[PDB]
Number of protein chains: 2
Amino acid sequence: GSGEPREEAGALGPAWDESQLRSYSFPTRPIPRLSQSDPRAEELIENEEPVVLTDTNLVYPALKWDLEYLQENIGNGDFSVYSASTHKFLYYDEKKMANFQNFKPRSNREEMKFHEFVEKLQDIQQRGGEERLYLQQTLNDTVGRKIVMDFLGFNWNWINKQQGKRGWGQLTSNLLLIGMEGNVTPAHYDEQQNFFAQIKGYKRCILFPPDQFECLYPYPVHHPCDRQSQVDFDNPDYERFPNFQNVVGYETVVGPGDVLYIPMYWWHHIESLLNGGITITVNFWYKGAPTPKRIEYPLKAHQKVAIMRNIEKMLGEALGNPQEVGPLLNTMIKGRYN
Amino acid sequence: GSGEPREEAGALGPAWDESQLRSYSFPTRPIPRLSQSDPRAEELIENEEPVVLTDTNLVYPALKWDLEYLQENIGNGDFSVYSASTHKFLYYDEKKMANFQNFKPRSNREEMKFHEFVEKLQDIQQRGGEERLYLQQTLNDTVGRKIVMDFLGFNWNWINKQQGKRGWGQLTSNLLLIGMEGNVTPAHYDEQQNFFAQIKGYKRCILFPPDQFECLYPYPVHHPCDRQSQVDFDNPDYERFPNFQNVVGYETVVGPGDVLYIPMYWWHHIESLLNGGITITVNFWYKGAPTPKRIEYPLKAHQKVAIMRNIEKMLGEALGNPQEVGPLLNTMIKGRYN
Ligand SMILES: O=C(O)Cc1cs/c(=N\C(=O)CS(=O)(=O)Cc2ccc3ccccc3c2)n1O
Ligand SMILES: O=C(O)Cc1cs/c(=N\C(=O)CS(=O)(=O)Cc2ccc3ccccc3c2)n1O
Ligand SMILES: [Zn+2]
Ligand SMILES: [Zn+2]
């Protein structure tokens, strides 16, 4: 798993204990925790494998952040706040909701000012209700001057060197994440390189390499939950998803000051620790390096995932209806390739 | 089936009787036999449905053909002669034999002069052996002057009008077919429009429309038997090919002077009648009409077959190995589209 819980400086006790981790059916092994000066960390990022960097100082000015400080300085912009009846915040593409009419969302999005989100959070704690909120908002110009000064204080020297040494594309987005304890972002994979900068609280990160595509059963590309696993990690249906019994993850717990490299196309299941308070995270997303001119074989697992995605996209446009993608694929292989 | 056997002119008896037809497990209904002046025959060809035209005079000068006449006038060119231990002449692409090493051919091709094929045929009848031969050769310049005169005597006025009225491409090939009684060309589909001009003997033609792709289970596109059905019509494996229990064919018996329009992508199973002597056929293959600019929906069945073919071709080149096409397709749909 995450190994033994780390001891905090000043003898302040264990940062967490195992009772704050949710229980699942699959084994894991630890993601390495290394210094940014460690060459092994450099070779992991280069080979697109996850690593937790403990001393980047990437978001050092943001480590003082909390709700009180942010509400006063984050400005009067709008923030996307997702609500959920349960602890699972399954994301859904609103653009693709037209393809699947028999899909009703379980986590409705709502725009609100930051002071409204802080107010709405404190009502749930007062009322003792079980409703959960998760702020997920991209940062921009509307933020106040002090947040701008903190942002400029980020270790741009280090992360821009990482961008150059890997040949990545440009920085596409900065996502601010503020979640309640026990909030779970279920397993999914992204298409860009991610630097996961933990700020407040602790998050358990369970990653799965791209070659376990067969064990995680993502939704159809045209489904609103595209790129997310169909498997309910809390109650896996081994009849529908038999190879989930073969899944093995990479696990770590990140805390304030840690940066987790989530490589492009790697599955990740992220949860804020139980009874751990609020969590704050800022992501750095970079387009991957361009596909090289001389195609080398055998193909990497994420390249085959890209191929499978393009086949499904091409079929949807070719047939004139994404719902015919399924039956044509079955017609193509039944009694011919299985 | 083929309906009642036709009575020949001059009270020469029935052209054939049902005992000369092989028995299969599927029902059929008759392909229409019409005059070329019948508008219904014109609308069948236009809508790409099979029809037997009884009075085209397409190969009228060739109706006098037999082994003796051809051997004397066909010239000293080489002829492709396929041999088979059984009555099934399953064709195999020699170019694709590299992809599947565990494939050994059952019908070896051999080049020989026409007088050698006639000699080799008469030895089998003398020795009483059960070996079977099937001459399948494209016609060209090397043929003698009298065969040239017969060829020029074909009803080019009619068939070139059909080429124009359908917007077909150019005439790509003329295949001369000389087979022994009981010879079976198992079920397969071609990609071009075919005018099937019967000359000597009788052939039972069983056709299946493109929308029965699911019932006929063709080989993988990269397999040497690409475009041929995997189902043994003589012993169908309902466990591997369950939807073959749903197959329904279009059936007719063509004789001297009949022309069968086999539409592009239609499956066809062709057999020379049992105890019917030798059969002679000449095919006319035309590239189909170009795909129209404004794509209309829903797609025709043969267009979806074209899509499935291109997906398999694209995967073979993308993965660098046609043998990885299967497992990737299974990975793509297992637990996601089935
Ligand atoms: O709670 C947690 O900490 C876990 C968690 C909460 S959100 C989340 N990821 C996303 O939101 C990203 S994505 O899924 O929309 C897909 C995507 C991928 C690259 C992009 C790059 C730029 C802009 C947008 C992008 C979007 N993770 O991993
Ligand atoms: O015994 C019988 O009468 C039944 C029978 C014996 S042969 C046969 N068909 C073929 O040979 C053709 S094909 O399979 O190679 C595929 C193809 C398709 C279009 C073409 C056009 C031009 C040149 C070559 C072509 C090749 N049929 O239907
Ligand atoms: Zn993500
Ligand atoms: Zn054919």
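All chains are named by letter (A, B, ...) in the order of the sequence lines, taking the proteins before the strands, and each is independently numbered beginning at 1. Computation of the quantities below employed the complete heavy-atom set of this structure, encompassing side-chain atoms and omitting hydrogens, waters and symmetry-equivalent molecules. We count ligands from 1, going down the list as the structure has it; atoms in each ligand are counted the same way.
Considering only heavy atoms from C-beta on, B:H269 stays 4.5 Å or farther from B:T185 through its side chain. Taking 4.5 Å as the limit, every side-chain heavy atom of B:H302 sits out of range of all side-chain heavy atoms of B:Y189. In this structure, the side chains of B:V247 and B:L216 come closer than 4.5 Å at one or more pairs of heavy atoms. Side-chain contact between B:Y265 and B:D190 is absent, with no heavy-atom pair separated by less than 4.5 Å.
Closest of all the heavy-atom pairs between B:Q162 and B:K165 is NE2-NZ, 3.0 Å.
Checked by atom type and distance alone, the side chain of B:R22 pairs as donor or acceptor with a backbone atom of B:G182 at under 3.5 Å.
Pocket lining of ligand 2, defined as residues with a non-hydrogen atom under 4.0 Å away: B:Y134, B:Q136, B:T172, B:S173, B:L175, B:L177, B:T185, B:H188, B:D190, B:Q192, B:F196, B:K203, B:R227, B:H268, B:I270, B:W285.
Rounded to the nearest 0.5 Å, atoms CG (B:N194) and CG (B:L175) are 9.0 Å apart.
Protein N/O/S atoms closer than 2.8 Å to the Zn ion (ligand 4), listed by chain and residue number, are B:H188 NE2, B:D190 OD2, B:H268 NE2.
Checked against side-chain hydrogen bond (donor to acceptor under 3.5 Å, both in side chains), B:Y261 has the following partners two or more places apart in sequence or in another chain: B:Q193.
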Run the side-chain donor-acceptor check on residues 132-139 of chain A: report pairs under 3.5 Å with partners two or more places apart or on a different chain.
| residue | atom | partner | partner atom | Å |
| --- | --- | --- | --- | --- |
| A:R132 | NH1 | A:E181 | O | 2.9 |
| A:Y134 | OH | A:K203 | NZ | 2.9 |
| A:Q137 | OE1 | A:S80 | N | 3.2 |

